[PDB]
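Content type PDB, C-alpha atoms, from the file coords04.pdb:
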ATOM      1  CA  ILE A   4     -63.213  98.353  27.196
ATOM      2  CA  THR A   5     -59.598  98.722  26.009
ATOM      3  CA  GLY A   6     -59.541  94.930  25.804
ATOM      4  CA  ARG A   7     -62.204  94.841  23.062
ATOM      5  CA  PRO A   8     -60.693  94.123  19.576
ATOM      6  CA  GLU A   9     -62.816  96.877  18.027
ATOM      7  CA  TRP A  10     -61.286  99.451  20.387
ATOM      8  CA  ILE A  11     -57.783  98.076  19.746
ATOM      9  CA  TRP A  12     -58.006  98.444  15.960
ATOM     10  CA  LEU A  13     -59.298 101.986  16.485
ATOM     11  CA  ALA A  14     -56.422 102.810  18.852
ATOM     12  CA  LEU A  15     -53.823 101.352  16.474
ATOM     13  CA  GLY A  16     -55.261 103.221  13.486
ATOM     14  CA  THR A  17     -55.151 106.488  15.453
ATOM     15  CA  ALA A  18     -51.493 105.913  16.356
ATOM     16  CA  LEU A  19     -50.499 104.953  12.804
ATOM     17  CA  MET A  20     -52.270 107.931  11.152
ATOM     18  CA  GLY A  21     -50.784 110.263  13.739
ATOM     19  CA  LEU A  22     -47.277 108.849  13.361
ATOM     20  CA  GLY A  23     -47.522 109.057   9.570
ATOM     21  CA  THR A  24     -48.801 112.650   9.604
ATOM     22  CA  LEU A  25     -45.882 113.735  11.806
ATOM     23  CA  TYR A  26     -43.337 111.829   9.709
ATOM     24  CA  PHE A  27     -44.629 113.503   6.538
ATOM     25  CA  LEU A  28     -44.485 116.812   8.428
ATOM     26  CA  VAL A  29     -40.837 116.359   9.413
ATOM     27  CA  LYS A  30     -39.901 115.051   5.952
ATOM     28  CA  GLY A  31     -41.499 118.127   4.382
ATOM     29  CA  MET A  32     -39.581 120.590   6.565
ATOM     30  CA  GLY A  33     -36.704 122.139   4.629
ATOM     31  CA  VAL A  34     -37.985 121.124   1.181
ATOM     32  CA  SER A  35     -38.036 124.353  -0.841
ATOM     33  CA  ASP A  36     -39.110 123.188  -4.313
ATOM     34  CA  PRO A  37     -42.578 124.659  -5.195
ATOM     35  CA  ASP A  38     -44.046 121.553  -6.858
ATOM     36  CA  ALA A  39     -42.791 119.283  -4.059
ATOM     37  CA  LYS A  40     -44.403 121.537  -1.423
ATOM     38  CA  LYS A  41     -47.794 120.927  -3.059
ATOM     39  CA  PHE A  42     -47.476 117.157  -2.746
ATOM     40  CA  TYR A  43     -46.340 117.495   0.873
ATOM     41  CA  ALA A  44     -49.316 119.703   1.726
ATOM     42  CA  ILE A  45     -51.979 117.353   0.314
ATOM     43  CA  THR A  46     -50.252 114.100   1.295
ATOM     44  CA  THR A  47     -49.738 115.275   4.867
ATOM     45  CA  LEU A  48     -53.361 116.512   5.126
ATOM     46  CA  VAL A  49     -54.796 113.093   4.169
ATOM     47  CA  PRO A  50     -53.544 111.116   7.223
ATOM     48  CA  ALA A  51     -54.161 114.171   9.456
ATOM     49  CA  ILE A  52     -57.882 114.040   8.601
ATOM     50  CA  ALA A  53     -57.950 110.270   9.220
ATOM     51  CA  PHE A  54     -56.142 110.745  12.552
ATOM     52  CA  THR A  55     -58.797 113.237  13.662
ATOM     53  CA  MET A  56     -61.543 110.817  12.597
ATOM     54  CA  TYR A  57     -60.105 107.686  14.187
ATOM     55  CA  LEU A  58     -59.431 109.641  17.384
ATOM     56  CA  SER A  59     -63.032 110.869  17.488
ATOM     57  CA  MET A  60     -64.222 107.280  17.030
ATOM     58  CA  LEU A  61     -62.201 106.332  20.132
ATOM     59  CA  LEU A  62     -63.612 109.286  22.061
ATOM     60  CA  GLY A  63     -67.116 108.237  21.040
ATOM     61  CA  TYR A  64     -66.490 104.555  21.819
ATOM     62  CA  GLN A  75     -75.650 100.357  13.023
ATOM     63  CA  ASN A  76     -73.307 102.016  15.563
ATOM     64  CA  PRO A  77     -72.911 105.758  14.690
ATOM     65  CA  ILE A  78     -69.221 105.669  15.649
ATOM     66  CA  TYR A  79     -68.305 104.421  12.160
ATOM     67  CA  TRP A  80     -69.917 107.369  10.373
ATOM     68  CA  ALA A  81     -66.721 109.200  11.350
ATOM     69  CA  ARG A  82     -64.674 106.749   9.280
ATOM     70  CA  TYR A  83     -67.040 107.310   6.366
ATOM     71  CA  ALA A  84     -66.611 111.062   6.737
ATOM     72  CA  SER A  85     -62.853 110.535   6.469
ATOM     73  CA  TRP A  86     -63.354 108.619   3.201
ATOM     74  CA  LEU A  87     -65.462 111.509   1.888
ATOM     75  CA  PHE A  88     -62.634 113.991   2.570
ATOM     76  CA  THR A  89     -59.570 111.858   1.784
ATOM     77  CA  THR A  90     -60.542 110.009  -1.394
ATOM     78  CA  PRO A  91     -60.760 113.212  -3.489
ATOM     79  CA  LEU A  92     -57.453 114.486  -2.017
ATOM     80  CA  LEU A  93     -55.723 111.220  -2.976
ATOM     81  CA  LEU A  94     -57.164 111.591  -6.479
ATOM     82  CA  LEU A  95     -55.903 115.209  -6.653
ATOM     83  CA  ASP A  96     -52.454 113.943  -5.655
ATOM     84  CA  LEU A  97     -52.448 111.513  -8.587
ATOM     85  CA  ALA A  98     -53.913 114.182 -10.886
ATOM     86  CA  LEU A  99     -51.150 116.626  -9.959
ATOM     87  CA  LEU A 100     -48.495 113.958 -10.655
ATOM     88  CA  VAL A 101     -49.701 113.379 -14.222
ATOM     89  CA  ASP A 102     -50.729 117.017 -14.837
ATOM     90  CA  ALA A 103     -54.297 115.917 -15.580
ATOM     91  CA  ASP A 104     -56.721 118.457 -17.084
ATOM     92  CA  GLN A 105     -59.485 120.040 -14.992
ATOM     93  CA  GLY A 106     -62.185 118.248 -16.956
ATOM     94  CA  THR A 107     -60.964 114.773 -16.002
ATOM     95  CA  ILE A 108     -60.329 115.870 -12.400
ATOM     96  CA  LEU A 109     -63.930 117.110 -12.059
ATOM     97  CA  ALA A 110     -65.246 113.838 -13.531
ATOM     98  CA  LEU A 111     -63.156 111.852 -11.034
ATOM     99  CA  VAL A 112     -64.320 113.831  -7.988
ATOM    100  CA  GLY A 113     -67.868 113.678  -9.332
ATOM    101  CA  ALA A 114     -67.705 109.885  -9.500
ATOM    102  CA  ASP A 115     -66.012 109.866  -6.093
ATOM    103  CA  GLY A 116     -68.954 111.778  -4.639
ATOM    104  CA  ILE A 117     -71.400 109.207  -6.028
ATOM    105  CA  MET A 118     -69.236 106.348  -4.724
ATOM    106  CA  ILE A 119     -69.092 107.829  -1.210
ATOM    107  CA  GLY A 120     -72.689 109.073  -1.193
ATOM    108  CA  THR A 121     -74.335 105.850  -2.351
ATOM    109  CA  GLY A 122     -72.170 103.698  -0.092
ATOM    110  CA  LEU A 123     -73.506 105.690   2.858
ATOM    111  CA  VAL A 124     -77.064 105.209   1.591
ATOM    112  CA  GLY A 125     -76.316 101.504   1.253
ATOM    113  CA  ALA A 126     -75.380 101.363   4.946
ATOM    114  CA  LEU A 127     -78.495 103.274   6.057
ATOM    115  CA  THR A 128     -81.226 101.286   4.254
ATOM    116  CA  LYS A 129     -83.617  99.324   6.464
ATOM    117  CA  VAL A 130     -84.321  96.750   3.733
ATOM    118  CA  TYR A 131     -81.926  93.858   3.069
ATOM    119  CA  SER A 132     -81.961  93.717  -0.746
ATOM    120  CA  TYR A 133     -81.417  97.356  -1.581
ATOM    121  CA  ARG A 134     -78.111  97.221   0.329
ATOM    122  CA  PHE A 135     -76.628  95.541  -2.725
ATOM    123  CA  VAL A 136     -78.317  97.924  -5.172
ATOM    124  CA  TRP A 137     -76.510 100.906  -3.634
ATOM    125  CA  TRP A 138     -73.335  98.818  -3.378
ATOM    126  CA  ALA A 139     -73.591  98.091  -7.126
ATOM    127  CA  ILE A 140     -73.918 101.783  -7.990
ATOM    128  CA  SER A 141     -71.045 102.753  -5.683
ATOM    129  CA  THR A 142     -68.802 100.005  -7.105
ATOM    130  CA  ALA A 143     -69.713 101.081 -10.658
ATOM    131  CA  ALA A 144     -68.526 104.585  -9.725
ATOM    132  CA  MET A 145     -65.301 103.180  -8.242
ATOM    133  CA  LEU A 146     -64.727 101.113 -11.386
ATOM    134  CA  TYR A 147     -64.929 104.271 -13.525
ATOM    135  CA  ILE A 148     -62.355 106.080 -11.340
ATOM    136  CA  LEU A 149     -60.002 103.091 -11.411
ATOM    137  CA  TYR A 150     -60.478 102.784 -15.185
ATOM    138  CA  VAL A 151     -59.455 106.431 -15.598
ATOM    139  CA  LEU A 152     -56.449 105.969 -13.309
ATOM    140  CA  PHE A 153     -55.218 102.714 -14.865
ATOM    141  CA  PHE A 154     -55.774 103.464 -18.566
ATOM    142  CA  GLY A 155     -56.122 107.242 -18.787
ATOM    143  CA  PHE A 156     -53.495 108.481 -16.309
ATOM    144  CA  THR A 157     -50.998 105.833 -17.481
ATOM    145  CA  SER A 158     -50.933 107.169 -21.070
ATOM    146  CA  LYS A 159     -50.278 110.696 -19.817
ATOM    147  CA  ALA A 160     -47.706 109.459 -17.276
ATOM    148  CA  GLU A 161     -45.705 107.500 -19.891
ATOM    149  CA  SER A 162     -45.213 110.620 -22.015
ATOM    150  CA  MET A 163     -43.642 112.337 -19.003
ATOM    151  CA  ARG A 164     -40.278 112.182 -17.180
ATOM    152  CA  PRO A 165     -39.139 108.575 -16.399
ATOM    153  CA  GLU A 166     -39.291 109.247 -12.617
ATOM    154  CA  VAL A 167     -42.904 110.424 -12.881
ATOM    155  CA  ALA A 168     -44.051 107.505 -15.064
ATOM    156  CA  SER A 169     -42.263 105.060 -12.756
ATOM    157  CA  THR A 170     -43.627 106.414  -9.451
ATOM    158  CA  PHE A 171     -47.136 106.815 -10.873
ATOM    159  CA  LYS A 172     -47.296 103.165 -11.973
ATOM    160  CA  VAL A 173     -46.419 102.031  -8.441
ATOM    161  CA  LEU A 174     -48.948 104.429  -6.865
ATOM    162  CA  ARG A 175     -51.459 103.351  -9.504
ATOM    163  CA  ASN A 176     -51.112  99.622  -8.762
ATOM    164  CA  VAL A 177     -51.306 100.309  -5.015
ATOM    165  CA  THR A 178     -54.439 102.439  -5.453
ATOM    166  CA  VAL A 179     -56.269  99.977  -7.707
ATOM    167  CA  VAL A 180     -55.604  97.030  -5.367
ATOM    168  CA  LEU A 181     -56.366  98.787  -2.056
ATOM    169  CA  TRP A 182     -59.425 100.701  -3.256
ATOM    170  CA  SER A 183     -60.870  97.542  -4.842
ATOM    171  CA  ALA A 184     -60.748  95.798  -1.440
ATOM    172  CA  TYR A 185     -63.249  98.167   0.220
ATOM    173  CA  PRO A 186     -66.406  97.041  -1.639
ATOM    174  CA  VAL A 187     -65.361  93.412  -1.001
ATOM    175  CA  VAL A 188     -64.943  93.957   2.762
ATOM    176  CA  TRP A 189     -68.257  95.884   2.808
ATOM    177  CA  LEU A 190     -70.183  93.098   1.062
ATOM    178  CA  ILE A 191     -68.846  90.383   3.357
ATOM    179  CA  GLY A 192     -69.166  92.701   6.362
ATOM    180  CA  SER A 193     -72.105  93.795   8.531
ATOM    181  CA  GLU A 194     -73.345  96.315   5.930
ATOM    182  CA  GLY A 195     -73.474  93.562   3.330
ATOM    183  CA  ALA A 196     -74.005  89.859   3.989
ATOM    184  CA  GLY A 197     -72.812  89.797   7.604
ATOM    185  CA  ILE A 198     -70.330  86.968   6.996
ATOM    186  CA  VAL A 199     -67.307  88.506   8.707
ATOM    187  CA  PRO A 200     -67.679  89.686  12.353
ATOM    188  CA  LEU A 201     -67.603  93.418  13.141
ATOM    189  CA  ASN A 202     -64.212  93.404  14.915
ATOM    190  CA  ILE A 203     -62.578  91.645  11.944
ATOM    191  CA  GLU A 204     -64.168  94.108   9.508
ATOM    192  CA  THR A 205     -62.983  97.027  11.659
ATOM    193  CA  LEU A 206     -59.496  95.516  11.349
ATOM    194  CA  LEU A 207     -59.636  95.214   7.540
ATOM    195  CA  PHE A 208     -60.827  98.802   7.008
ATOM    196  CA  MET A 209     -58.116 100.091   9.345
ATOM    197  CA  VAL A 210     -55.300  98.252   7.523
ATOM    198  CA  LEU A 211     -56.813  99.363   4.221
ATOM    199  CA  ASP A 212     -57.045 102.990   5.435
ATOM    200  CA  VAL A 213     -53.426 103.165   6.680
ATOM    201  CA  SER A 214     -51.974 101.495   3.573
ATOM    202  CA  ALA A 215     -54.019 103.784   1.300
ATOM    203  CA  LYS A 216     -52.940 106.971   3.112
ATOM    204  CA  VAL A 217     -49.659 106.442   4.985
ATOM    205  CA  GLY A 218     -48.358 103.691   2.709
ATOM    206  CA  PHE A 219     -49.398 105.626  -0.384
ATOM    207  CA  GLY A 220     -47.832 108.762   1.062
ATOM    208  CA  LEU A 221     -44.503 107.091   1.856
ATOM    209  CA  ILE A 222     -44.129 105.827  -1.717
ATOM    210  CA  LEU A 223     -45.008 109.260  -3.137
ATOM    211  CA  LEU A 224     -42.935 111.482  -0.817
ATOM    212  CA  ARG A 225     -39.891 109.183  -1.053
ATOM    213  CA  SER A 226     -39.783 109.810  -4.815
ATOM    214  CA  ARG A 227     -37.997 112.418  -6.927
ATOM    215  CA  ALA A 228     -41.156 112.647  -9.055
ATOM    216  CA  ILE A 229     -42.643 115.314  -6.758
ATOM    217  CA  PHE A 230     -39.885 117.759  -7.766
ATOM    218  CA  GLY A 231     -40.114 120.146 -10.712
ATOM    219  CA  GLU A 232     -36.696 118.990 -11.991
TER     220      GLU A 232
END

Using C-alpha cells, write down the structure that the file contains.
Amino acid sequence: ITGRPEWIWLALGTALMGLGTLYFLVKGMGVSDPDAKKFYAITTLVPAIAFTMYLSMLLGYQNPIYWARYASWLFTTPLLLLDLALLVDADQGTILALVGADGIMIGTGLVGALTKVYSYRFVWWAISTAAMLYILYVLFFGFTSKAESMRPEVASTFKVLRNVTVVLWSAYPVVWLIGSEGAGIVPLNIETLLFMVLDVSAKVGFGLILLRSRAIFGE
C-alpha cells in the first residue's frame, strides 16, 4: 500500500503542509505588529487546513478520497484571496465579488467531477474556468493598480505573489481537463502528483514569499 505512487504523493503532501504550517507558526512567534499578525494568522491557517485534508485522505486510503482535497480548495482559495485583498487594502465590494466567483469556480468544478455524462464535464469546466478567469483578471489588472499607488515594498511583494497566483491557479483547470475528470489522458497517480505540487506551491510557497516580506508590516 505505501508503495503505491498515489499514497506516496499523499504522504509527501501531508508532510510538506505540516512542515510549512509549523514553520509559519514559529516565524510568527514574537512578531508584535498588528497588521503582520493578521497575515500570519490567515497564511498559517491555509496550510493547516490542507494538512488536515491530506492527512484524512491518507487515513481514508470516482474515489471519494479526493473530495477531501476539493474541500480544502473550497476553504483555502477564499483565504488566499483575502490575504491578497488585505495586502492591497481592497474594498469590501471587490472582495465579495471575488469570493462569490470563487464559490462558483469551486462549486461547478465539483459538479463537473460528479456528472455521469461525458460531454457535460467540459460544460461545468468551462463555467468554472470562466469564474477563475474573472478572479485572475481582478488580481492582475485591478489589484495591481491599487498596489502601485502604495508603499514600494507592498507593490513589489504583491506583483510577485500575483504572478505566482496567476500561474499556479491557471494550472488546475489544465490538469483537470487532461486528468481523469476530464479527458483521461494523464494517469491518476500522475494527476495526484500535479495537484499536490500545485497545492504546496500555492499555499506553502505563496506563504513563504509573503511572510518573508516587510510588506506585511504597518510601517

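Relative to CA of residue 178 (chain A), CA of residue 214 (chain A) is found at 9.4 Å.
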
Quick one: residues within 8 Å of region 198-210 of chain A, all atoms listed in the file, excluding same-chain residues fewer than 2 positions away - as a ChimeraX atom specification? /A:8-9,12-13,16,185,188,191-193,196,212-214

From (-56.5, 114.1, -9.1), in the file's coordinates, out to 10 Å: which residues are reached, counting all atoms listed in the file? Answer as a PyMOL selection string. chain A and resi 90-105+107-112+152+156

Extending 5 Å beyond the listed atoms of region 25-33 of chain A on each side, what axis-aligned box results? I want centre and edge lengths in Å to one decimal, as JSON.
{"center_x": -41.3, "center_y": 117.0, "center_z": 8.1, "size_x": 19.2, "size_y": 20.3, "size_z": 17.4}

Go through the shown structure with the PyMOL selection byres ((chain A and resi 142-145) around 8) and write out the matching residues as number ranges by chain. A: 114-115, 117-118, 138-141, 146-149, 183, 186

Interatomic distance between CA of residue 38 (chain A) and CA of residue 86 (chain A)?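 CA of residue 86 (chain A) lies 25.3 Å from CA of residue 38 (chain A).
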
d(CA of residue 217 (chain A), CA of residue 24 (chain A)) in Å: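 Separating CA of residue 217 (chain A) from CA of residue 24 (chain A) is a distance of 7.8 Å.
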
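Distances to residue 26 (chain A) were evaluated for A:187, A:123, A:81, A:221 using only C-alpha atoms, and the minimum falls at A:221.
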
Using all atoms listed in the file, which residue out of A:106, A:85, A:124, A:33 lies closest to residue 51 (chain A)?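 Answer, going by the shortest atom-to-atom distance: A:85.
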
Chain and number of each residue from the PyMOL selection byres ((chain A and resi 45) around 10), as a list in words: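 This file, filtered by the PyMOL selection byres ((chain A and resi 45) around 10), leaves residues 40, 41, 42, 43, 44, 46, 47, 48, 49, 50, 51, 89, 92, 93, 95, 96 and 220 of chain A.
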
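All residues that come within 8 Å of the coordinates (-41.0, 102.6, -6.8), counting all atoms listed in the file, are given as residues 169, 170, 173, 222 and 226 of chain A.
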
Taking all atoms listed in the file into account, name the residue in A:79, A:127, A:58, A:36 that is nearest to residue 232 (chain A).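 Nearest candidate to residue 232 (chain A) out of A:79, A:127, A:58, A:36: A:36.
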
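If you measure from each of A:174, A:11, A:60, A:39 to residue 230 (chain A) using only C-alpha atoms, the closest one turns out to be A:39.
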
Nearest to residue 133 (chain A): which of A:168, A:153, A:194, A:163 is it, counting all atoms listed in the file?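 That would be A:194, the residue with the smallest distance to residue 133 (chain A).
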
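Counting only C-alpha atoms and comparing A:64, A:171, A:54, A:135, the residue that lies closest to residue 223 (chain A) is A:171.
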